[PDB]
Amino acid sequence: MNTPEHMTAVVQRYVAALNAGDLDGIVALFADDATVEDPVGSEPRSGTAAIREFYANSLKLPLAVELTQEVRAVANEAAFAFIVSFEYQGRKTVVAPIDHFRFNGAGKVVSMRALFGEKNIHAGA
């Protein structure tokens, strides 16, 4: 049963798994036929193996991710604002997206879409 409480719990488990580099913990949140479109507009990775590799690549560098506002949960859907920070060659970068999950009956994520553009990437020189 998809209650706002469950969907909010899932967003928190997702954010925490990213921080820990827990690939199994992230993949376990998705339906086997789920899709990920990161960022919006590109072509969606489909299925368990594609999704795992995507995150395996994202987690090449250590990410510090945190929710910046309350999670919005309603009718099998959740949206949340957060920031992902990482350093590279002495430069600290902060990506500030808004993600959107859609859950299935079983309470698993069937689709994920990360919305952010160049104006949401904040890196120094």
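Note that residue numbering follows the sequence shown and begins at 1.
Per the PDB record, of the two stretches 60 to 68 and 92 to 100, 60 to 68 carries the greater mean B-factor over its C-alpha atoms. In this entry, the higher average B-factor at the C-alpha atoms falls on 113 to 121, of the pair 10 to 18 and 113 to 121.
When the C-alpha B factors of 80, 55, 30, 86 are read from the deposited coordinates, the top value falls at 86. Remark: residue 25 belongs to the lowest third of its chain, ranked by C-alpha B-factor as recorded. Per-chain ranking of the deposited C-alpha B factor places residue 34 in the middle third. Ranked against the other modelled residues of its chain, the C-alpha B-factor of residue 40 as given in the entry falls in the highest third.
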